[PDB]
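K.L.:
coords-v2.txt is the file, holding compact mmCIF, N, CA and C atoms:
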```
# COMPACT_ATOMS: atom_id res chain seq x y z
N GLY A 1 -56.74 58.76 -80.29
CA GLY A 1 -56.46 60.08 -80.85
C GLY A 1 -54.99 60.51 -80.79
N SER A 2 -54.11 59.68 -80.21
CA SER A 2 -52.67 59.95 -80.07
C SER A 2 -51.96 60.24 -81.39
N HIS A 3 -52.36 59.60 -82.49
CA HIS A 3 -51.82 59.86 -83.84
C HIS A 3 -52.07 61.30 -84.32
N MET A 4 -53.19 61.92 -83.94
CA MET A 4 -53.48 63.33 -84.24
C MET A 4 -52.63 64.28 -83.38
N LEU A 5 -52.35 63.93 -82.13
CA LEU A 5 -51.44 64.69 -81.25
C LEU A 5 -49.99 64.62 -81.75
N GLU A 6 -49.54 63.45 -82.21
CA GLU A 6 -48.23 63.28 -82.86
C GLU A 6 -48.15 64.08 -84.18
N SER A 7 -49.20 64.05 -85.01
CA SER A 7 -49.28 64.87 -86.22
C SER A 7 -49.22 66.37 -85.90
N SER A 8 -49.90 66.81 -84.84
CA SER A 8 -49.87 68.21 -84.38
C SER A 8 -48.48 68.63 -83.89
N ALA A 9 -47.75 67.75 -83.19
CA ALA A 9 -46.37 67.98 -82.78
C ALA A 9 -45.40 68.06 -83.98
N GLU A 10 -45.55 67.19 -84.98
CA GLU A 10 -44.77 67.23 -86.22
C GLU A 10 -45.05 68.49 -87.05
N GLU A 11 -46.31 68.92 -87.15
CA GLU A 11 -46.68 70.19 -87.80
C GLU A 11 -46.16 71.42 -87.03
N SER A 12 -46.13 71.35 -85.69
CA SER A 12 -45.50 72.39 -84.86
C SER A 12 -43.99 72.46 -85.08
N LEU A 13 -43.31 71.32 -85.24
CA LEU A 13 -41.88 71.27 -85.57
C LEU A 13 -41.62 71.81 -86.98
N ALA A 14 -42.48 71.51 -87.96
CA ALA A 14 -42.41 72.10 -89.30
C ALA A 14 -42.58 73.64 -89.26
N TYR A 15 -43.45 74.17 -88.40
CA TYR A 15 -43.57 75.61 -88.16
C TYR A 15 -42.31 76.21 -87.49
N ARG A 16 -41.72 75.53 -86.50
CA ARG A 16 -40.44 75.92 -85.88
C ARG A 16 -39.29 75.94 -86.89
N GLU A 17 -39.25 74.98 -87.81
CA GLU A 17 -38.31 74.97 -88.93
C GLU A 17 -38.57 76.11 -89.93
N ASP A 18 -39.83 76.39 -90.28
CA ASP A 18 -40.18 77.52 -91.15
C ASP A 18 -39.84 78.90 -90.54
N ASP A 19 -39.78 79.03 -89.21
CA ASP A 19 -39.25 80.23 -88.55
C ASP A 19 -37.77 80.50 -88.89
N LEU A 20 -36.98 79.45 -89.16
CA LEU A 20 -35.57 79.56 -89.58
C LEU A 20 -35.41 80.22 -90.97
N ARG A 21 -36.48 80.35 -91.76
CA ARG A 21 -36.49 81.05 -93.06
C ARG A 21 -36.01 82.51 -92.97
N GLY A 22 -36.16 83.14 -91.80
CA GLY A 22 -35.70 84.51 -91.53
C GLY A 22 -34.23 84.63 -91.10
N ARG A 23 -33.42 83.57 -91.27
CA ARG A 23 -32.02 83.49 -90.79
C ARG A 23 -31.05 83.01 -91.87
N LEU A 24 -29.77 83.33 -91.64
CA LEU A 24 -28.64 82.81 -92.42
C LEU A 24 -28.25 81.40 -91.94
N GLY A 25 -27.57 80.67 -92.80
CA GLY A 25 -26.99 79.35 -92.57
C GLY A 25 -25.61 79.18 -93.21
N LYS A 26 -25.07 77.96 -93.12
CA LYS A 26 -23.70 77.57 -93.45
C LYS A 26 -23.68 76.16 -94.03
N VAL A 27 -23.31 76.05 -95.30
CA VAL A 27 -23.27 74.77 -96.05
C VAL A 27 -22.07 73.92 -95.62
N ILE A 28 -22.31 72.62 -95.39
CA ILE A 28 -21.28 71.64 -94.98
C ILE A 28 -21.18 70.42 -95.92
N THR A 29 -22.14 70.25 -96.84
CA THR A 29 -22.09 69.28 -97.95
C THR A 29 -22.61 70.00 -99.18
N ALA A 30 -21.84 69.96 -100.27
CA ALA A 30 -22.06 70.77 -101.47
C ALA A 30 -23.46 70.62 -102.09
N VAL A 31 -23.99 71.73 -102.58
CA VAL A 31 -25.33 71.87 -103.16
C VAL A 31 -25.18 72.41 -104.59
N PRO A 32 -25.10 71.56 -105.63
CA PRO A 32 -24.93 72.03 -107.01
C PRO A 32 -26.23 72.64 -107.57
N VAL A 33 -26.15 73.23 -108.77
CA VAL A 33 -27.20 74.05 -109.40
C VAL A 33 -28.58 73.38 -109.58
N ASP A 34 -28.64 72.05 -109.44
CA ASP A 34 -29.84 71.22 -109.60
C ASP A 34 -29.85 70.01 -108.64
N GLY A 35 -29.12 70.10 -107.51
CA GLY A 35 -28.85 68.98 -106.60
C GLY A 35 -29.08 69.29 -105.12
N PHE A 36 -28.60 68.38 -104.26
CA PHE A 36 -28.83 68.37 -102.81
C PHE A 36 -27.51 68.24 -102.03
N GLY A 37 -27.45 68.89 -100.87
CA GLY A 37 -26.37 68.81 -99.89
C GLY A 37 -26.89 69.08 -98.48
N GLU A 38 -26.11 69.72 -97.62
CA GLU A 38 -26.44 69.94 -96.20
C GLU A 38 -26.03 71.33 -95.70
N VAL A 39 -26.79 71.84 -94.74
CA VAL A 39 -26.67 73.19 -94.15
C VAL A 39 -26.98 73.17 -92.64
N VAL A 40 -26.48 74.17 -91.91
CA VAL A 40 -26.81 74.48 -90.50
C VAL A 40 -27.18 75.97 -90.43
N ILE A 41 -28.08 76.38 -89.54
CA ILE A 41 -28.32 77.81 -89.27
C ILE A 41 -27.10 78.40 -88.53
N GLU A 42 -26.86 79.71 -88.70
CA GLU A 42 -25.66 80.40 -88.17
C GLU A 42 -25.50 80.35 -86.64
N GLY A 43 -26.54 79.98 -85.89
CA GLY A 43 -26.50 79.68 -84.45
C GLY A 43 -25.87 78.31 -84.15
N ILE A 44 -24.73 77.99 -84.77
CA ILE A 44 -24.07 76.67 -84.78
C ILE A 44 -23.88 75.99 -83.41
N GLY A 45 -23.79 76.75 -82.32
CA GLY A 45 -23.68 76.24 -80.94
C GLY A 45 -25.00 75.76 -80.31
N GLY A 46 -26.14 75.94 -80.99
CA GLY A 46 -27.48 75.62 -80.48
C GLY A 46 -28.52 75.28 -81.56
N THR A 47 -28.08 74.76 -82.71
CA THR A 47 -28.91 74.40 -83.88
C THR A 47 -28.51 73.02 -84.45
N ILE A 48 -29.26 72.53 -85.45
CA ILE A 48 -29.16 71.17 -86.00
C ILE A 48 -29.08 71.25 -87.54
N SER A 49 -28.21 70.43 -88.15
CA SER A 49 -28.04 70.35 -89.61
C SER A 49 -29.26 69.73 -90.32
N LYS A 50 -29.51 70.16 -91.56
CA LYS A 50 -30.63 69.73 -92.42
C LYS A 50 -30.17 69.61 -93.88
N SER A 51 -30.90 68.84 -94.69
CA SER A 51 -30.68 68.79 -96.15
C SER A 51 -31.00 70.14 -96.80
N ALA A 52 -30.31 70.44 -97.91
CA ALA A 52 -30.39 71.74 -98.58
C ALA A 52 -30.40 71.63 -100.11
N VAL A 53 -31.12 72.54 -100.78
CA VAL A 53 -31.19 72.69 -102.24
C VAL A 53 -30.93 74.14 -102.69
N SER A 54 -30.45 74.31 -103.92
CA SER A 54 -30.04 75.60 -104.51
C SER A 54 -31.23 76.36 -105.12
N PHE A 55 -31.86 77.24 -104.32
CA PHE A 55 -33.06 78.00 -104.72
C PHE A 55 -32.86 78.84 -106.00
N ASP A 56 -31.66 79.42 -106.17
CA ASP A 56 -31.31 80.32 -107.27
C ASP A 56 -30.50 79.62 -108.38
N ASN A 57 -30.54 78.28 -108.44
CA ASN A 57 -29.76 77.42 -109.35
C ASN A 57 -28.25 77.77 -109.36
N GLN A 58 -27.66 77.92 -108.17
CA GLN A 58 -26.23 78.20 -107.97
C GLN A 58 -25.52 76.97 -107.40
N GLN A 59 -24.22 76.84 -107.67
CA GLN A 59 -23.36 75.82 -107.04
C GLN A 59 -22.84 76.37 -105.70
N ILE A 60 -23.08 75.65 -104.61
CA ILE A 60 -22.84 76.10 -103.23
C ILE A 60 -21.95 75.07 -102.51
N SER A 61 -20.64 75.29 -102.57
CA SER A 61 -19.62 74.44 -101.91
C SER A 61 -19.65 74.53 -100.38
N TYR A 62 -18.91 73.63 -99.72
CA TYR A 62 -18.62 73.67 -98.28
C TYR A 62 -18.09 75.05 -97.83
N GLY A 63 -18.49 75.50 -96.63
CA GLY A 63 -17.90 76.66 -95.97
C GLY A 63 -18.29 78.03 -96.53
N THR A 64 -19.55 78.21 -96.97
CA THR A 64 -20.08 79.53 -97.38
C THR A 64 -21.39 79.86 -96.67
N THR A 65 -21.68 81.15 -96.52
CA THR A 65 -22.84 81.66 -95.78
C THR A 65 -24.00 81.89 -96.75
N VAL A 66 -25.15 81.33 -96.41
CA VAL A 66 -26.34 81.23 -97.27
C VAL A 66 -27.58 81.78 -96.57
N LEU A 67 -28.49 82.41 -97.31
CA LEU A 67 -29.81 82.78 -96.79
C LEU A 67 -30.80 81.65 -97.12
N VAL A 68 -31.53 81.17 -96.10
CA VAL A 68 -32.54 80.11 -96.24
C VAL A 68 -33.86 80.70 -96.78
N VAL A 69 -33.87 80.98 -98.08
CA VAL A 69 -34.93 81.73 -98.79
C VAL A 69 -36.28 81.01 -98.90
N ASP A 70 -36.32 79.68 -98.81
CA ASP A 70 -37.56 78.89 -98.69
C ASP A 70 -37.29 77.63 -97.85
N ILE A 71 -38.33 76.94 -97.37
CA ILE A 71 -38.21 75.78 -96.48
C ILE A 71 -39.31 74.75 -96.77
N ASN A 72 -38.91 73.48 -96.75
CA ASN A 72 -39.76 72.28 -96.78
C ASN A 72 -39.24 71.29 -95.71
N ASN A 73 -40.06 70.32 -95.29
CA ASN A 73 -39.79 69.40 -94.17
C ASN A 73 -38.40 68.72 -94.23
N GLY A 74 -37.43 69.25 -93.47
CA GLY A 74 -36.03 68.81 -93.45
C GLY A 74 -35.22 69.06 -94.73
N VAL A 75 -35.76 69.85 -95.67
CA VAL A 75 -35.19 70.17 -96.99
C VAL A 75 -35.31 71.68 -97.22
N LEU A 76 -34.33 72.42 -96.71
CA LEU A 76 -34.23 73.87 -96.80
C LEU A 76 -33.83 74.30 -98.22
N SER A 77 -34.31 75.45 -98.69
CA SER A 77 -33.93 76.04 -99.98
C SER A 77 -33.09 77.27 -99.71
N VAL A 78 -31.85 77.28 -100.21
CA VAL A 78 -30.85 78.29 -99.85
C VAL A 78 -30.15 78.90 -101.07
N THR A 79 -29.49 80.03 -100.86
CA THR A 79 -28.67 80.74 -101.86
C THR A 79 -27.54 81.52 -101.16
N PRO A 80 -26.31 81.60 -101.72
CA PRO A 80 -25.17 82.22 -101.05
C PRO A 80 -25.30 83.75 -100.95
N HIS A 81 -25.81 84.23 -99.81
CA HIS A 81 -25.86 85.65 -99.46
C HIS A 81 -24.44 86.21 -99.20
N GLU A 82 -23.55 85.41 -98.61
CA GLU A 82 -22.19 85.77 -98.15
C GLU A 82 -22.06 87.21 -97.59
N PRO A 83 -22.83 87.58 -96.54
CA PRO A 83 -22.80 88.93 -95.95
C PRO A 83 -21.48 89.23 -95.22
N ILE A 84 -21.21 90.52 -94.99
CA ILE A 84 -20.06 91.03 -94.23
C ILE A 84 -19.98 90.47 -92.80
```
What's the C-alpha cells form of this structure?

P.N.:
Amino acid sequence: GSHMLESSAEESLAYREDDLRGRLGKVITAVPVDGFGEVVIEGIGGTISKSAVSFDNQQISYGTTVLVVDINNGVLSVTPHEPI
C-alpha cells in the first residue's frame, strides 16, 4: 500500500502549492503571451521556484511582480499585478 501513501503525499504537496494561489510572485524566466517561463512566490527567503504561464495572454519579462491567479502541478498561471 506504500504507493497510495506516496500518492497521498504528492496530492498533499499539490494542495500546499494550490495554497500559494492566494499570493504574489516574481518572474525570473520570461513568460510570453502563449508560452512558458519561471516564477518564485514573494517569500523569496523561504520558497522554491516553479514553471509559469501567462493566464491573461500577457508578455511577462524577468523582474516583475505577478499574481498567481491559477495553479497546476509545478506549472503556475500568473499575470503582472505589479502592486505598490

K.L.:
With only C-alpha atoms as the basis for distance, which of A:1, A:83, A:22, A:35 is at the shortest distance from residue 59 (chain A)?

P.N.:
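Checking each of A:1, A:83, A:22, A:35 against residue 59 (chain A), counting only C-alpha atoms, the winner is A:35.
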
K.L.:
Please return, as a list in words, all polymer residues that have at least one atom within 8 Å of the point (-28.1, 87.4, -100.4); use all atoms listed in the file and the file's own coordinate frame.

P.N.:
residues 65, 66, 67, 79, 80, 81, 82 and 83 of chain A

K.L.:
Could you write out the selected residues, including N, CA and C atoms, as a compact mmCIF listing (two decimals), in the frame of the given file?

P.N.:
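The file below, out-v8.txt, is the result:
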```
# COMPACT_ATOMS: atom_id res chain seq x y z
N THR A 65 -21.68 81.15 -96.52
CA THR A 65 -22.84 81.66 -95.78
C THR A 65 -24.00 81.89 -96.75
N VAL A 66 -25.15 81.33 -96.41
CA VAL A 66 -26.34 81.23 -97.27
C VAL A 66 -27.58 81.78 -96.57
N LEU A 67 -28.49 82.41 -97.31
CA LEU A 67 -29.81 82.78 -96.79
C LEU A 67 -30.80 81.65 -97.12
N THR A 79 -29.49 80.03 -100.86
CA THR A 79 -28.67 80.74 -101.86
C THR A 79 -27.54 81.52 -101.16
N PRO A 80 -26.31 81.60 -101.72
CA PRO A 80 -25.17 82.22 -101.05
C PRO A 80 -25.30 83.75 -100.95
N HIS A 81 -25.81 84.23 -99.81
CA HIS A 81 -25.86 85.65 -99.46
C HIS A 81 -24.44 86.21 -99.20
N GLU A 82 -23.55 85.41 -98.61
CA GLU A 82 -22.19 85.77 -98.15
C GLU A 82 -22.06 87.21 -97.59
N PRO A 83 -22.83 87.58 -96.54
CA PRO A 83 -22.80 88.93 -95.95
C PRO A 83 -21.48 89.23 -95.22
```

K.L.:
Where does DSSP see alpha helix (DSSP H) in region 4-80 of chain A, if you list the residues as a PyMOL selection string?

P.N.:
chain A and resi 4-19

K.L.:
Applying 7 Å and only C-alpha atoms, which residues near region 48-50 of chain A remain after dropping the ones on its own chain fewer than 3 positions away? List them as a PyMOL selection string.

P.N.:
chain A and resi 38-40+74-75

K.L.:
For a quick check of understanding, using only N, CA and C atoms, which of A:12, A:47, A:77, A:58 has the smallest distance to residue 33 (chain A)?

P.N.:
A:58

K.L.:
Write out as an MDAnalysis selection string which residues come within 8 Å of residue 31 (chain A) when counting only N, CA and C atoms, dropping same-chain ones fewer than 2 positions away.

P.N.:
chainID A and resid 27:29 33:38 52:54 57:62

K.L.:
Quick check, in Å to one decimal: how far apart do atom C of residue 23 (chain A) and CA of residue 56 (chain A) lie?

P.N.:
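Spanning atom C of residue 23 (chain A) to CA of residue 56 (chain A) is a straight-line distance of 15.6 Å.
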
K.L.:
Determine the nearest neighbour of residue 20 (chain A) from the options A:70, A:55, A:2, A:7, counting only N, CA and C atoms.

P.N.:
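Among the listed residues, A:70 lies closest to residue 20 (chain A).
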
K.L.:
Would you compute the distance between CA of residue 24 (chain A) and CA of residue 63 (chain A)? Give it in Å to one decimal.

P.N.:
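Rounded to one decimal, the two atoms are 12.9 Å apart.
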
K.L.:
Can I get N, CA, C and O atoms for region 26-37 of chain A, as a compact mmCIF listing (two decimals), in the first residue's frame?

P.N.:
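As a result, out37.txt now contains:
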```txt
# COMPACT_ATOMS: atom_id res chain seq x y z
N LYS A 26 7.20 36.51 -8.44
CA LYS A 26 8.28 37.24 -9.11
C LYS A 26 8.89 36.38 -10.22
O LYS A 26 9.44 35.31 -9.95
N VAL A 27 8.72 36.82 -11.47
CA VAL A 27 9.20 36.10 -12.67
C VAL A 27 10.72 36.24 -12.82
O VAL A 27 11.26 37.34 -12.72
N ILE A 28 11.40 35.12 -13.11
CA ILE A 28 12.86 35.05 -13.32
C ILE A 28 13.27 34.45 -14.68
O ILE A 28 14.43 34.56 -15.07
N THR A 29 12.33 33.87 -15.42
CA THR A 29 12.50 33.45 -16.83
C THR A 29 11.23 33.86 -17.56
O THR A 29 10.13 33.56 -17.09
N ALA A 30 11.37 34.58 -18.67
CA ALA A 30 10.28 35.24 -19.38
C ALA A 30 9.13 34.30 -19.78
O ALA A 30 9.34 33.17 -20.22
N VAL A 31 7.90 34.82 -19.68
CA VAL A 31 6.64 34.12 -19.94
C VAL A 31 5.87 34.90 -21.02
O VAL A 31 5.18 35.87 -20.69
N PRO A 32 6.02 34.58 -22.32
CA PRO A 32 5.33 35.30 -23.38
C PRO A 32 3.83 34.96 -23.43
O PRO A 32 3.36 34.06 -22.73
N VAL A 33 3.08 35.67 -24.29
CA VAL A 33 1.60 35.65 -24.35
C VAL A 33 0.95 34.28 -24.57
O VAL A 33 -0.26 34.14 -24.41
N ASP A 34 1.72 33.28 -24.98
CA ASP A 34 1.29 31.91 -25.29
C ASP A 34 2.36 30.85 -24.92
O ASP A 34 2.40 29.77 -25.51
N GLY A 35 3.27 31.19 -23.99
CA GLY A 35 4.47 30.40 -23.67
C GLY A 35 4.71 30.16 -22.18
O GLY A 35 3.84 30.40 -21.34
N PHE A 36 5.91 29.67 -21.87
CA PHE A 36 6.32 29.21 -20.53
C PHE A 36 7.64 29.85 -20.09
O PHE A 36 8.55 30.06 -20.90
N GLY A 37 7.76 30.11 -18.79
CA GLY A 37 8.96 30.60 -18.11
C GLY A 37 8.98 30.14 -16.65
O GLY A 37 8.52 29.04 -16.35
```
